[PDB]
Amino acid sequence: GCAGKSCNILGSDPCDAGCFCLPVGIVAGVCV
Numbered sequence: 001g002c003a004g005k006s007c008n009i010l011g012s013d014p015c016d017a018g019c020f021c022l023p024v025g026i027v028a029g030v031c032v
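In the deposited numbering, the protein residues as written are 1 to 32.
Right, dumping it as structure tokens:
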């Protein structure tokens, strides 16, 4: 259930193992 998760390139809020934080803006993004 990583997909849809809120995240940011900052690295503070990445994603679950296997999934990656995809940028939706300048730094903010979502897990995919």
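A virtual CB, placed ideally from N, CA and C, is assigned to each residue, including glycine.
Three-state secondary structure (DSSP) of residue i
| i | result |
| --- | --- |
| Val-30 | strand |
Residue i Cβ short of 7 Å to the ligand ADP heavy atom set
| i | result |
| --- | --- |
| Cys-15 | This structure does not include the ligand ADP; it has no bound ligands of any sort. |
Presumed contact (8 Å Cβ cut-off) between residue i and residue j, rounded CB distance
| i | j | result |
| --- | --- | --- |
| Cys-19 | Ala-3 | 7 Å |
| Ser-12 | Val-30 | About 15 Å separates the two Cβ atoms, so there is no contact after all. |
| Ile-9 | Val-27 | 5 Å |
Bounding residues of the beta strand (DSSP E) (the contiguous stretch that carries residue i)
| i | result |
| --- | --- |
| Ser-6 | 6–8 |
| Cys-21 | 21–23 |
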